[PDB]
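**Student:** Below is the file input35.csv, which contains CSV, C-alpha atoms.
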```csv
chain,number,residue,atom,x,y,z
L,1,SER,CA,162.5,148.8,243.6
L,2,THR,CA,161.3,152.3,244.1
L,3,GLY,CA,162.5,155.9,243.7
L,4,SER,CA,161.6,159.2,245.2
L,5,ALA,CA,162.8,162.7,244.2
L,6,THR,CA,162.0,166.2,245.1
L,7,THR,CA,160.7,168.5,242.3
L,8,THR,CA,161.2,172.3,242.7
L,9,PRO,CA,159.6,175.3,240.9
L,10,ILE,CA,162.1,177.1,238.7
L,11,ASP,CA,160.7,180.5,239.5
L,12,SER,CA,158.2,182.4,241.6
L,13,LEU,CA,155.3,181.7,239.2
L,14,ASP,CA,155.8,177.9,239.1
L,15,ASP,CA,156.4,178.2,235.3
L,16,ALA,CA,158.0,174.7,235.4
L,17,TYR,CA,159.5,172.2,237.9
L,18,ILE,CA,163.0,170.7,237.9
L,19,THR,CA,164.0,167.4,239.4
L,20,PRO,CA,167.6,166.2,239.9
L,21,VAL,CA,168.7,163.3,237.8
L,22,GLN,CA,172.0,161.3,238.0
L,23,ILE,CA,173.5,160.4,234.6
L,24,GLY,CA,176.6,158.4,234.0
L,25,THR,CA,179.5,157.1,236.0
L,26,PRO,CA,180.7,158.9,238.1
L,27,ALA,CA,177.3,160.6,238.4
L,28,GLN,CA,176.6,163.8,236.6
L,29,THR,CA,173.6,165.5,238.2
L,30,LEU,CA,171.4,167.5,235.9
L,31,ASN,CA,168.1,169.2,236.7
L,32,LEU,CA,165.4,168.0,234.3
L,33,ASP,CA,161.9,169.0,233.5
L,34,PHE,CA,159.8,165.8,234.1
L,35,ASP,CA,157.2,165.9,231.3
L,36,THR,CA,154.2,163.6,231.1
L,37,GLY,CA,153.4,165.1,227.7
L,38,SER,CA,156.5,163.8,225.9
L,39,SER,CA,158.7,160.8,225.7
L,40,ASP,CA,162.3,161.9,225.1
L,41,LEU,CA,165.0,162.2,227.8
L,42,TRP,CA,167.3,164.8,226.4
L,43,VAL,CA,170.0,166.9,227.9
L,44,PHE,CA,172.2,169.9,227.3
L,45,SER,CA,175.6,168.4,226.7
L,46,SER,CA,179.2,168.9,225.6
L,47,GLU,CA,177.9,168.6,222.0
L,48,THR,CA,175.4,171.5,222.3
L,49,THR,CA,176.2,174.5,220.1
L,50,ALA,CA,178.1,176.8,222.5
L,51,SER,CA,176.1,179.9,221.6
L,52,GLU,CA,173.0,178.0,222.6
L,53,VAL,CA,174.1,177.2,226.1
L,54,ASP,CA,173.6,180.0,228.7
L,55,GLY,CA,174.1,178.7,232.3
L,56,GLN,CA,172.9,175.1,232.0
L,57,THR,CA,174.7,172.2,233.5
L,58,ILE,CA,175.8,169.9,230.6
L,59,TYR,CA,176.2,166.1,230.3
L,60,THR,CA,179.6,165.2,229.1
L,61,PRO,CA,179.5,161.6,227.8
L,62,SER,CA,183.3,161.3,227.3
L,63,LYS,CA,183.6,161.6,231.1
L,64,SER,CA,181.2,158.7,231.8
L,65,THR,CA,182.7,155.2,231.9
L,66,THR,CA,179.3,153.7,231.2
L,67,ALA,CA,178.3,156.0,228.3
L,68,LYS,CA,178.1,154.4,224.8
L,69,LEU,CA,177.2,156.1,221.6
L,70,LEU,CA,174.1,154.6,220.1
L,71,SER,CA,175.5,154.4,216.6
L,72,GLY,CA,173.4,156.0,213.8
L,73,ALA,CA,170.7,157.3,216.1
L,74,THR,CA,169.4,160.8,215.9
L,75,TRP,CA,166.5,162.7,217.5
L,76,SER,CA,164.5,165.8,216.8
L,77,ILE,CA,161.5,167.1,218.7
L,78,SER,CA,159.1,170.1,218.5
L,79,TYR,CA,156.8,171.0,221.4
L,80,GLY,CA,153.4,172.5,221.7
L,81,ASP,CA,154.8,175.9,222.6
L,82,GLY,CA,156.9,176.0,219.4
L,83,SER,CA,160.2,175.2,221.1
L,84,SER,CA,162.5,172.4,219.7
L,85,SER,CA,165.7,170.5,220.1
L,86,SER,CA,167.7,167.8,218.3
L,87,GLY,CA,170.9,165.8,218.4
L,88,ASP,CA,172.4,162.3,218.7
L,89,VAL,CA,172.0,159.5,221.3
L,90,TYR,CA,174.0,157.8,224.0
L,91,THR,CA,173.0,155.0,226.3
L,92,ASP,CA,174.1,155.4,230.0
L,93,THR,CA,173.0,154.7,233.6
L,94,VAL,CA,170.3,157.0,234.8
L,95,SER,CA,169.1,157.3,238.4
L,96,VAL,CA,166.1,159.2,239.8
L,97,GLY,CA,165.7,159.4,243.5
L,98,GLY,CA,167.5,156.1,244.2
L,99,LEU,CA,165.9,154.3,241.2
L,100,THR,CA,168.5,153.2,238.6
L,101,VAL,CA,168.1,152.2,235.0
L,102,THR,CA,171.0,150.9,233.0
L,103,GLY,CA,171.1,151.3,229.2
L,104,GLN,CA,168.8,154.3,229.2
L,105,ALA,CA,168.7,156.3,226.0
L,106,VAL,CA,170.1,159.8,226.9
L,107,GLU,CA,169.5,162.1,224.0
L,108,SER,CA,172.3,164.6,223.6
L,109,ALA,CA,171.4,168.0,222.2
L,110,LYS,CA,173.4,169.5,219.4
L,111,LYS,CA,170.8,172.2,218.8
L,112,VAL,CA,168.2,173.8,221.1
L,113,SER,CA,165.7,176.7,220.4
L,114,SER,CA,166.1,180.0,222.1
L,115,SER,CA,163.4,179.2,224.7
L,116,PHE,CA,165.6,176.4,226.1
L,117,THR,CA,168.8,178.5,225.9
L,118,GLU,CA,167.1,181.4,227.8
L,119,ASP,CA,166.0,179.1,230.6
L,120,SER,CA,169.2,178.6,232.5
L,121,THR,CA,167.5,176.5,235.2
L,122,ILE,CA,166.4,173.6,232.9
L,123,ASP,CA,169.2,171.2,231.9
L,124,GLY,CA,166.9,169.0,229.8
L,125,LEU,CA,163.7,167.1,229.8
L,126,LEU,CA,162.7,163.6,231.0
L,127,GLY,CA,159.7,162.4,229.1
L,128,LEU,CA,157.0,160.3,230.9
L,129,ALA,CA,154.4,159.9,228.2
L,130,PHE,CA,154.1,156.7,226.3
L,131,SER,CA,157.2,155.4,224.4
L,132,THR,CA,155.3,155.5,221.1
L,133,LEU,CA,156.0,159.2,221.0
L,134,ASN,CA,159.8,158.9,221.3
L,135,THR,CA,161.5,160.6,218.4
L,136,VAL,CA,164.7,158.6,218.2
L,137,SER,CA,165.4,157.3,214.7
L,138,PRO,CA,165.8,154.8,213.2
L,139,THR,CA,165.3,152.8,216.3
L,140,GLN,CA,162.7,154.2,218.7
L,141,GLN,CA,163.7,154.2,222.4
L,142,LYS,CA,161.9,153.7,225.7
L,143,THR,CA,161.2,156.2,228.4
L,144,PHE,CA,162.9,156.0,231.8
L,145,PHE,CA,159.6,154.8,233.3
L,146,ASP,CA,159.1,152.1,230.6
L,147,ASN,CA,162.6,150.8,231.2
L,148,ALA,CA,162.2,150.9,235.0
L,149,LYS,CA,158.7,149.4,235.0
L,150,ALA,CA,159.3,145.7,235.4
L,151,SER,CA,161.7,146.3,238.3
L,152,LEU,CA,159.3,148.6,240.2
L,153,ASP,CA,157.3,147.3,243.2
L,154,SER,CA,154.2,148.6,241.4
L,155,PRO,CA,154.1,149.8,237.8
L,156,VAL,CA,153.2,153.4,238.7
L,157,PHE,CA,154.7,156.8,239.2
L,158,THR,CA,153.1,159.7,241.0
L,159,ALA,CA,153.2,163.5,240.7
L,160,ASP,CA,152.8,165.7,243.7
L,161,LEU,CA,153.5,169.2,242.6
L,162,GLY,CA,153.7,172.1,245.0
L,163,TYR,CA,152.1,175.5,244.8
L,164,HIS,CA,155.0,178.0,245.2
L,165,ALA,CA,156.8,175.1,247.0
L,166,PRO,CA,158.7,171.8,246.4
L,167,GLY,CA,156.9,168.6,245.8
L,168,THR,CA,157.6,165.0,244.9
L,169,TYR,CA,157.9,162.5,242.0
L,170,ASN,CA,157.7,158.9,243.3
L,171,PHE,CA,158.3,155.7,241.2
L,172,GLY,CA,157.0,152.3,242.1
L,173,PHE,CA,154.8,153.1,245.1
L,174,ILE,CA,151.9,155.2,246.3
L,175,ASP,CA,152.6,157.3,249.4
L,176,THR,CA,149.3,157.0,251.3
L,177,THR,CA,150.4,159.9,253.6
L,178,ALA,CA,150.6,162.4,250.7
L,179,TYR,CA,146.9,162.8,250.0
L,180,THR,CA,143.6,163.2,251.8
L,181,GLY,CA,140.5,161.0,251.3
L,182,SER,CA,140.5,158.5,248.4
L,183,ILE,CA,142.2,158.3,245.0
L,184,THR,CA,139.7,158.2,242.2
L,185,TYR,CA,140.8,156.4,239.1
L,186,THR,CA,139.7,157.1,235.6
L,187,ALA,CA,140.3,155.5,232.2
L,188,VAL,CA,143.2,156.4,229.9
L,189,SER,CA,143.5,156.3,226.1
L,190,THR,CA,147.0,155.8,224.8
L,191,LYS,CA,145.9,156.2,221.2
L,192,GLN,CA,147.7,159.6,220.9
L,193,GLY,CA,150.6,158.5,223.1
L,194,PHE,CA,149.5,160.8,226.0
L,195,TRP,CA,148.0,160.3,229.4
L,196,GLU,CA,144.6,161.1,227.9
L,197,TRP,CA,141.4,161.0,230.0
L,198,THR,CA,138.0,162.5,230.3
L,199,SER,CA,137.0,164.9,233.0
L,200,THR,CA,133.4,164.8,234.1
L,201,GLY,CA,132.8,168.5,234.3
L,202,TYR,CA,133.6,171.7,236.1
L,203,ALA,CA,132.5,174.4,238.5
L,204,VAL,CA,133.5,178.1,238.9
L,205,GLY,CA,133.9,179.3,242.4
L,206,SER,CA,130.9,178.4,244.5
L,207,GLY,CA,128.8,177.8,241.4
L,208,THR,CA,126.9,174.7,240.5
L,209,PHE,CA,128.8,171.9,238.9
L,210,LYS,CA,128.2,171.4,235.2
L,211,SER,CA,128.3,167.8,234.0
L,212,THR,CA,130.1,167.7,230.7
L,213,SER,CA,132.8,165.5,229.2
L,214,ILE,CA,136.2,167.2,228.7
L,215,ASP,CA,138.8,165.1,227.0
L,216,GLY,CA,142.4,166.2,227.8
L,217,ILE,CA,145.9,165.1,228.8
L,218,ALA,CA,147.6,165.1,232.1
L,219,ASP,CA,150.8,167.1,231.2
L,220,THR,CA,153.3,168.1,233.9
L,221,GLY,CA,155.4,169.8,231.2
L,222,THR,CA,152.7,172.4,230.5
L,223,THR,CA,152.4,175.3,232.9
L,224,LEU,CA,148.7,176.3,232.5
L,225,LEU,CA,145.3,174.8,232.3
L,226,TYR,CA,143.9,174.8,228.7
L,227,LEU,CA,140.2,174.1,228.3
L,228,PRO,CA,137.4,174.6,225.8
L,229,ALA,CA,136.6,178.2,225.0
L,230,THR,CA,133.1,177.9,226.5
L,231,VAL,CA,134.5,176.7,229.9
L,232,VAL,CA,137.2,179.4,230.0
L,233,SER,CA,134.7,182.2,229.1
L,234,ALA,CA,132.5,181.0,231.9
L,235,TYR,CA,135.4,181.2,234.4
L,236,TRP,CA,136.7,184.7,233.4
L,237,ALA,CA,133.2,186.1,233.3
L,238,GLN,CA,133.3,185.9,237.1
L,239,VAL,CA,136.3,188.2,237.3
L,240,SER,CA,135.6,191.9,237.1
L,241,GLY,CA,137.6,193.5,234.3
L,242,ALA,CA,138.9,190.2,232.9
L,243,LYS,CA,139.2,190.0,229.1
L,244,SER,CA,140.9,188.1,226.3
L,245,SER,CA,143.7,190.1,224.8
L,246,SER,CA,145.0,189.1,221.4
L,247,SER,CA,148.0,191.4,221.9
L,248,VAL,CA,149.0,189.6,225.1
L,249,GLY,CA,147.9,186.2,223.9
L,250,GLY,CA,145.2,185.1,226.3
L,251,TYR,CA,143.0,186.1,229.2
L,252,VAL,CA,144.3,188.9,231.4
L,253,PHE,CA,142.7,190.4,234.5
L,254,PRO,CA,143.2,193.3,236.9
L,255,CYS,CA,145.9,192.5,239.4
L,256,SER,CA,143.6,193.9,242.1
L,257,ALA,CA,141.1,191.0,241.6
L,258,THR,CA,140.4,188.1,243.9
L,259,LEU,CA,140.2,185.1,241.6
L,260,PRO,CA,137.5,182.4,242.1
L,261,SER,CA,138.4,178.7,242.5
L,262,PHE,CA,138.0,176.3,239.6
L,263,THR,CA,136.7,172.7,240.2
L,264,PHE,CA,137.2,169.8,237.7
L,265,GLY,CA,135.5,166.4,237.9
L,266,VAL,CA,137.3,163.1,238.1
L,267,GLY,CA,134.4,160.5,237.9
L,268,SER,CA,132.2,161.4,240.8
L,269,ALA,CA,135.1,163.1,242.6
L,270,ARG,CA,136.1,166.8,242.5
L,271,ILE,CA,139.4,168.5,242.5
L,272,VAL,CA,139.4,172.2,243.6
L,273,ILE,CA,142.0,174.6,242.2
L,274,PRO,CA,142.3,177.6,244.5
L,275,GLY,CA,141.9,180.9,242.9
L,276,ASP,CA,145.5,181.9,243.8
L,277,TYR,CA,146.8,179.0,241.6
L,278,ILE,CA,145.3,180.8,238.6
L,279,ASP,CA,147.3,184.0,239.1
L,280,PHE,CA,150.4,184.2,236.9
L,281,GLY,CA,151.2,187.8,237.8
L,282,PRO,CA,151.8,191.0,235.8
L,283,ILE,CA,152.1,190.6,232.0
L,284,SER,CA,155.2,192.8,232.1
L,285,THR,CA,157.2,194.1,235.1
L,286,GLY,CA,155.2,196.8,236.9
L,287,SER,CA,152.0,196.2,234.9
L,288,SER,CA,148.7,196.2,236.7
L,289,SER,CA,147.3,193.7,234.1
L,290,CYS,CA,147.9,190.1,235.2
L,291,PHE,CA,148.0,186.9,233.2
L,292,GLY,CA,145.4,184.1,233.8
L,293,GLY,CA,146.3,180.5,234.5
L,294,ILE,CA,143.2,179.2,232.7
L,295,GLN,CA,143.4,179.7,229.0
L,296,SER,CA,141.5,178.5,225.9
L,297,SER,CA,142.6,175.3,224.2
L,298,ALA,CA,141.0,176.5,220.9
L,299,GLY,CA,143.7,176.2,218.2
L,300,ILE,CA,145.8,173.8,220.3
L,301,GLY,CA,143.7,170.9,219.2
L,302,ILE,CA,143.7,169.3,222.6
L,303,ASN,CA,142.7,170.2,226.2
L,304,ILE,CA,145.7,170.2,228.6
L,305,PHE,CA,145.5,169.6,232.3
L,306,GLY,CA,148.9,171.3,233.0
L,307,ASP,CA,150.6,172.2,236.3
L,308,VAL,CA,147.8,174.7,237.4
L,309,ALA,CA,145.5,171.7,237.6
L,310,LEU,CA,147.9,168.9,238.5
L,311,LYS,CA,149.4,170.8,241.5
L,312,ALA,CA,146.0,170.9,243.1
L,313,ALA,CA,146.1,167.1,243.3
L,314,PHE,CA,148.0,164.0,244.1
L,315,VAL,CA,148.2,162.3,240.7
L,316,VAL,CA,148.8,158.6,240.0
L,317,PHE,CA,150.1,157.6,236.6
L,318,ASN,CA,149.3,153.9,236.5
L,319,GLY,CA,151.3,152.1,233.8
L,320,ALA,CA,149.7,148.7,234.3
L,321,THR,CA,148.8,146.7,231.2
L,322,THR,CA,145.6,148.8,231.1
L,323,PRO,CA,146.8,152.2,232.1
L,324,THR,CA,144.7,154.5,234.3
L,325,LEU,CA,145.0,157.9,236.0
L,326,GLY,CA,144.2,158.5,239.7
L,327,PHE,CA,143.5,161.9,241.4
L,328,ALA,CA,143.2,162.7,245.1
L,329,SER,CA,142.9,165.9,247.0
L,330,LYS,CA,145.7,166.8,249.3
```
Could I get this structure in the form of structure tokens?

**Tutor:**
Amino acid sequence: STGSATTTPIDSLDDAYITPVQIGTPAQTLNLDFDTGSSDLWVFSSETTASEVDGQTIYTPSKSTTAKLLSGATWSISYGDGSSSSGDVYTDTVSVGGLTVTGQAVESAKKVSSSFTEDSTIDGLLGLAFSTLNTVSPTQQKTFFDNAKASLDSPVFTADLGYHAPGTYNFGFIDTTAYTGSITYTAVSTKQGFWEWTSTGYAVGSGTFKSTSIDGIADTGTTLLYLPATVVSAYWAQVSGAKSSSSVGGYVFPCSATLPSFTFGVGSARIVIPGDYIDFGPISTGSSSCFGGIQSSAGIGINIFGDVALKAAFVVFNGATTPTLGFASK
């Protein structure tokens, strides 16, 4: 089997991407944030505190003939950005782009933090990291991808995120028409539950490439590119007037600037992030100070290849017995 779904930016800055997901019988379609940095499939639901719902589409398990309460199971998750959610658990039929899993754990939110409430366009998350991070207790549950894996033509999914435009998540096959040149594969460590890999270095604009190992995670659920402070300083030093602002919470730059590209290494290959991808616009409406898309990972504890980086590539998440990551230009 295979699946193929379109993923769409939630706003004009590509802050996140939503992908339609069918849950239950008859289908209830929710728009979920596919997140390769976590491993819970959770949804706004009929059980969510009413004051914490503001425009989201909710899953109503009582209206699904295939929904079954997973007796005794609860979940609770906190994310890197400080947001959180929790609730109880159903199993139900879940389909993504024609690919169907029966008995998928669907985690029903009773509580969500304000950040989720305020984002009316995101109805939940669909985790695509390794199932070892799944927070369901007392019986840990598998991700959609883990459940689908044995049925897939090939045990892979791919992320093809668009810049200010729709893109694609595919399951079970590699679309050889979706990228240019070759795919370069690189080793993955699952020791922390993430798609963790080591970049071979970087360049700023037309500058020389610096060979240096950068350990980080491929995370579709993080907006920006978070790298070591040395790297990030070298980038923003090439932008006149750029500075790190503690009051704003990162690097800002004059909105009149033209940003340089940023290149990262995948083995001997190179992925080029165009400068425009690094512009996240005015810090506040009407401001002439703009927020940078490359930020320091210092104090996160890990480097994160988020959407800013991933959308410059066709990315293969290979879930074979020995997982790997592949990157191609497109």

**Student:** Pull the neighbourhood of (138.0, 176.6, 229.2) for me: all residues within 9 Å in file coordinates, counting all atoms listed in the file, as a list in words.

**Tutor:**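 Residues satisfying the cut-off, written out: residues 225, 226, 227, 228, 229, 230, 231, 232, 233, 234, 235, 294, 295, 296, 297, 298 and 303 of chain L.
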
**Student:** So, counting all atoms listed in the file, which residue among L:152, L:16, L:32, L:187 is closest to residue L:2?

**Tutor:**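 Counting all atoms listed in the file, the residue closest to residue L:2 is L:152.
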
**Student:** Would you mind telling me which residue in L:214, L:224, L:128, L:257 lies nearest to residue L:318 when using only C-alpha atoms?

**Tutor:**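 Checking each candidate against residue L:318, we get L:128 as the closest.
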
**Student:** Please report, as a tab-separated table, each residue of stretch 107-174 of chain L lying at most 12 Å from stretch 84-96 of chain L, together with the nearest pair of atoms and the separation in Å rounded to one decimal; use only C-alpha atoms, and order rows by chain and ascending residue number.

**Tutor:**
```
residue	atom	partner	partner_atom	distance
L:107	CA	L:89	CA	4.5
L:108	CA	L:88	CA	5.4
L:109	CA	L:87	CA	4.4
L:110	CA	L:87	CA	4.6
L:111	CA	L:86	CA	5.4
L:112	CA	L:85	CA	4.3
L:113	CA	L:84	CA	5.4
L:114	CA	L:84	CA	8.7
L:115	CA	L:84	CA	8.5
L:116	CA	L:84	CA	8.2
L:117	CA	L:85	CA	10.4
L:124	CA	L:85	CA	9.9
L:125	CA	L:85	CA	10.5
L:126	CA	L:96	CA	10.4
L:135	CA	L:86	CA	9.5
L:136	CA	L:89	CA	8.0
L:137	CA	L:88	CA	9.5
L:138	CA	L:89	CA	11.2
L:139	CA	L:89	CA	10.7
L:140	CA	L:89	CA	11.0
L:141	CA	L:89	CA	9.9
L:142	CA	L:91	CA	11.2
L:143	CA	L:94	CA	11.2
L:144	CA	L:94	CA	8.0
L:145	CA	L:96	CA	10.2
L:147	CA	L:94	CA	10.5
L:148	CA	L:95	CA	10.0
L:157	CA	L:96	CA	11.7
L:168	CA	L:96	CA	11.5
L:169	CA	L:96	CA	9.1
L:170	CA	L:96	CA	9.1
L:171	CA	L:96	CA	8.7
L:172	CA	L:96	CA	11.6
```

**Student:** Dump C-alpha atoms for the selected residues as an mmCIF file, keeping the file's coordinate frame?

**Tutor:**
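So result17.cif came out as:
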```cif
data_model
loop_
_atom_site.group_PDB
_atom_site.id
_atom_site.type_symbol
_atom_site.label_atom_id
_atom_site.label_comp_id
_atom_site.auth_asym_id
_atom_site.auth_seq_id
_atom_site.Cartn_x
_atom_site.Cartn_y
_atom_site.Cartn_z
ATOM 1 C CA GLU L 107 169.500 162.100 224.000
ATOM 2 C CA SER L 108 172.300 164.600 223.600
ATOM 3 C CA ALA L 109 171.400 168.000 222.200
ATOM 4 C CA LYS L 110 173.400 169.500 219.400
ATOM 5 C CA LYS L 111 170.800 172.200 218.800
ATOM 6 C CA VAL L 112 168.200 173.800 221.100
ATOM 7 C CA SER L 113 165.700 176.700 220.400
ATOM 8 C CA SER L 114 166.100 180.000 222.100
ATOM 9 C CA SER L 115 163.400 179.200 224.700
ATOM 10 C CA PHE L 116 165.600 176.400 226.100
ATOM 11 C CA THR L 117 168.800 178.500 225.900
ATOM 12 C CA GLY L 124 166.900 169.000 229.800
ATOM 13 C CA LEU L 125 163.700 167.100 229.800
ATOM 14 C CA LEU L 126 162.700 163.600 231.000
ATOM 15 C CA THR L 135 161.500 160.600 218.400
ATOM 16 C CA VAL L 136 164.700 158.600 218.200
ATOM 17 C CA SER L 137 165.400 157.300 214.700
ATOM 18 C CA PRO L 138 165.800 154.800 213.200
ATOM 19 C CA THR L 139 165.300 152.800 216.300
ATOM 20 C CA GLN L 140 162.700 154.200 218.700
ATOM 21 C CA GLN L 141 163.700 154.200 222.400
ATOM 22 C CA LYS L 142 161.900 153.700 225.700
ATOM 23 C CA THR L 143 161.200 156.200 228.400
ATOM 24 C CA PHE L 144 162.900 156.000 231.800
ATOM 25 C CA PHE L 145 159.600 154.800 233.300
ATOM 26 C CA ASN L 147 162.600 150.800 231.200
ATOM 27 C CA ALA L 148 162.200 150.900 235.000
ATOM 28 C CA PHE L 157 154.700 156.800 239.200
ATOM 29 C CA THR L 168 157.600 165.000 244.900
ATOM 30 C CA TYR L 169 157.900 162.500 242.000
ATOM 31 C CA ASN L 170 157.700 158.900 243.300
ATOM 32 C CA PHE L 171 158.300 155.700 241.200
ATOM 33 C CA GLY L 172 157.000 152.300 242.100
#
```

**Student:** Give as a PyMOL selection string every residue, naming chains and numbers as the document does, that has an atom within 10 Å of (162.2, 173.4, 242.2), counting only C-alpha atoms.

**Tutor:** chain L and resi 6-12+14+16-20+31+33+121+161-162+164-168

**Student:** Separation of atom CA of residue L:324 and atom CA of residue L:76, in Å?

**Tutor:** 28.7 Å

**Student:** Could stretch 293-304 of chain L be completed with N, CA, C and O atoms and returned as a PDB file, keeping the file's coordinate frame?

**Tutor:**
```pdb
ATOM      1  N   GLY L 293     145.769 181.889 234.556  1.00  0.00           N
ATOM      2  CA  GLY L 293     146.300 180.500 234.500  1.00  0.00           C
ATOM      3  C   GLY L 293     145.371 179.497 233.877  1.00  0.00           C
ATOM      4  O   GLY L 293     145.739 178.314 233.744  1.00  0.00           O
ATOM      5  N   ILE L 294     144.177 179.942 233.515  1.00  0.00           N
ATOM      6  CA  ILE L 294     143.200 179.200 232.700  1.00  0.00           C
ATOM      7  C   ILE L 294     143.073 179.859 231.382  1.00  0.00           C
ATOM      8  O   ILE L 294     142.734 181.038 231.319  1.00  0.00           O
ATOM      9  N   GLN L 295     143.354 179.126 230.309  1.00  0.00           N
ATOM     10  CA  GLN L 295     143.400 179.700 229.000  1.00  0.00           C
ATOM     11  C   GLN L 295     142.609 178.752 228.021  1.00  0.00           C
ATOM     12  O   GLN L 295     142.373 177.583 228.336  1.00  0.00           O
ATOM     13  N   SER L 296     142.188 179.293 226.884  1.00  0.00           N
ATOM     14  CA  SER L 296     141.500 178.500 225.900  1.00  0.00           C
ATOM     15  C   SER L 296     142.421 177.548 225.169  1.00  0.00           C
ATOM     16  O   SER L 296     143.532 177.902 224.786  1.00  0.00           O
ATOM     17  N   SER L 297     141.939 176.324 224.972  1.00  0.00           N
ATOM     18  CA  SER L 297     142.600 175.300 224.200  1.00  0.00           C
ATOM     19  C   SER L 297     142.303 175.442 222.675  1.00  0.00           C
ATOM     20  O   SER L 297     142.793 174.650 221.877  1.00  0.00           O
ATOM     21  N   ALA L 298     141.459 176.398 222.290  1.00  0.00           N
ATOM     22  CA  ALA L 298     141.000 176.500 220.900  1.00  0.00           C
ATOM     23  C   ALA L 298     142.270 176.778 220.052  1.00  0.00           C
ATOM     24  O   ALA L 298     143.043 177.676 220.369  1.00  0.00           O
ATOM     25  N   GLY L 299     142.491 176.019 218.997  1.00  0.00           N
ATOM     26  CA  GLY L 299     143.700 176.200 218.200  1.00  0.00           C
ATOM     27  C   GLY L 299     144.927 175.439 218.735  1.00  0.00           C
ATOM     28  O   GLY L 299     145.956 175.443 218.061  1.00  0.00           O
ATOM     29  N   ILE L 300     144.834 174.799 219.900  1.00  0.00           N
ATOM     30  CA  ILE L 300     145.800 173.800 220.300  1.00  0.00           C
ATOM     31  C   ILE L 300     145.468 172.461 219.724  1.00  0.00           C
ATOM     32  O   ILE L 300     146.338 171.680 219.335  1.00  0.00           O
ATOM     33  N   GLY L 301     144.170 172.173 219.711  1.00  0.00           N
ATOM     34  CA  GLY L 301     143.700 170.900 219.200  1.00  0.00           C
ATOM     35  C   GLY L 301     143.512 169.848 220.265  1.00  0.00           C
ATOM     36  O   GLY L 301     143.079 168.736 219.971  1.00  0.00           O
ATOM     37  N   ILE L 302     143.842 170.190 221.506  1.00  0.00           N
ATOM     38  CA  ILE L 302     143.700 169.300 222.600  1.00  0.00           C
ATOM     39  C   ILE L 302     143.539 170.076 223.917  1.00  0.00           C
ATOM     40  O   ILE L 302     144.129 171.152 224.035  1.00  0.00           O
ATOM     41  N   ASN L 303     142.764 169.581 224.879  1.00  0.00           N
ATOM     42  CA  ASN L 303     142.700 170.200 226.200  1.00  0.00           C
ATOM     43  C   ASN L 303     143.895 169.691 227.007  1.00  0.00           C
ATOM     44  O   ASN L 303     144.265 168.509 226.887  1.00  0.00           O
ATOM     45  N   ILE L 304     144.485 170.563 227.830  1.00  0.00           N
ATOM     46  CA  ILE L 304     145.700 170.200 228.600  1.00  0.00           C
ATOM     47  C   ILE L 304     145.497 170.540 230.086  1.00  0.00           C
ATOM     48  O   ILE L 304     145.367 171.717 230.474  1.00  0.00           O
TER      49      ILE L 304
END
```
